[PDB]
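Take a look at the structure set out below.
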Amino acid sequence: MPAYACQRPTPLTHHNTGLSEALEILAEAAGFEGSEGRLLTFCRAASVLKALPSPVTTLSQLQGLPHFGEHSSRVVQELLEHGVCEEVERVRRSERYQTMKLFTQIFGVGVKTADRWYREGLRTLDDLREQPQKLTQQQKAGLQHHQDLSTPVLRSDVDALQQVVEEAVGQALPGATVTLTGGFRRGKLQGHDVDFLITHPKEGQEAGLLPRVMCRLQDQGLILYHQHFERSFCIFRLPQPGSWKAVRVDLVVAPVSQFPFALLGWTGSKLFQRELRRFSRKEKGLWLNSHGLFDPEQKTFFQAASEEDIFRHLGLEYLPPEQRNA
DNA sequence: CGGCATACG
DNA sequence: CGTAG
DNA sequence: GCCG
Ligand SMILES: [Mg+2]
Ligand SMILES: [Mg+2]
Ligand code: NA
């Protein structure tokens, strides 16, 4: 088992779902208390379990697995012995965890805002609605649409959304292309938003595109919320039988020179990207982001024509998107 | 022990 | 601060 | 919380 998540295939569905989930609760809780290091270890440990070829049935099968020390091993031990881990259950039940989860789920609310509201004594969505003067415009939208945004989007919904985006993009800039990214590109059948990456085959033609796309979607009556420039975090109106529902959609523009880096980043998973960037810097001495890959010795950027190029330049075996579910 | 990814709105 | 993966 |  390699130590970095970008060195091993991780499928969407696996053989250790219950164990990985328990560890992810502890990761989430660590994030709610600002402990990014502990969050990372519990996430990495969970991801190692997703990468295994069969179920963990005995404690000895953890020996030699990276990111399993005393704490993560104890969690697995208790689950294997009793079907339940007391620490995990205490977190699940806690007022702190439940409220921080509720508040951070709101579009426009992060850990820092959620924590302050918790410390002020706020516990429910209606507590927030009673004091609307304190909310940002973004948080008001997030709270108004919270119910719809809590409901997952299906792949058929995504195909409908892609068509409307493509129409707007075609008017904004003939020849521009729209690529589905995020979890749906990794093979997810459901998800809580939709991500699109937009480019144009002629370098430079994409400059100023996103405002033009947004203005056109606005005029079509499809945009329930947006900020107004290369990333737009929107709430879209999605048709349903006899009605519609609000859906989170992100639109991103990149020049075609940067497209492979943007595609890689926006395809995820989050942990996969963090691990890939960590690997790049710490093992290869190269700096990776969603725009490029920089050699700080030569002071040059690596030209990539494909994701395959990027994996090769980092000395990693290629993983297709459906194996990046770290 | 230091480090933990790296951006844009 | 929020957002993204 | 774990790794190097
Ligand atoms: Mg997504
Ligand atoms: Mg998104
Ligand atoms: Na949030």
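Proteins get letters first, then strands, A, B, ... in listed order; numbering begins at 1 in each.
Rounded to a whole angstrom, the distance from the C1' atom of C/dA4 to that of B/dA5 is 12 Å.
The aromatic rings of A/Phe301 and A/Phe294 are tilted relative to each other, their planes meeting at an angle between 30° and 60°. Taking the six-membered ring where the residue is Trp, A/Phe311 and A/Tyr318 present perpendicular rings, their angle passing 60° and hence far from 30°. Classified by interplanar angle (parallel below 30°, tilted 30° to 60°, perpendicular above 60°), the ring pair A/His313/A/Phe302 is parallel.
Between A/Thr113 and C/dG2 there is a side-chain N or O to OP1 or OP2 distance below 4.0 Å. Look at A/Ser290 and you won't find any side-chain N or O under 4.0 angstrom from OP1 or OP2 of B/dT6.
Closest to the A/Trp266 side chain, of the nucleotides B/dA7, B/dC4, C/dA4, is C/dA4. With B/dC4, B/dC8, C/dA4 as the candidates, the nucleotide lying closest to the side chain of A/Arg278 is B/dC4. Of the candidate nucleotides D/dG1, C/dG2, C/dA4, C/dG2 has the atom lying nearest to any side-chain atom of A/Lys112. The side chain of A/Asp195 lies closest to C/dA4 when the candidates are D/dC2, C/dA4, C/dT3. In the set D/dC2, B/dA7, C/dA4, B/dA7 carries the atom at the smallest distance from any side-chain atom of A/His291.
Under a cut-off of 6.0 angstrom, the local environment of CG in A/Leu189 is sparse, with at most 12 non-hydrogen atoms contributed by other residues, nucleotides or ligands.
For A/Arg231 and B/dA7, a side-chain-to-base donor-acceptor distance below 3.5 Å is present, hydrogens and geometry of angles not being considered.
Nucleic acid contact class of A/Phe42 (heavy atoms, under 4.0 Å, all strands): sugar-phosphate only. Counting any heavy atom pair closer than 4.0 Å across all strands shown, A/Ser72 reaches sugar-phosphate atoms only and no base atom.
Nucleotides of DNA chain D nearest to A/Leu39 and A/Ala3 differ in position, and the one nearer the 5' end is that of A/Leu39.
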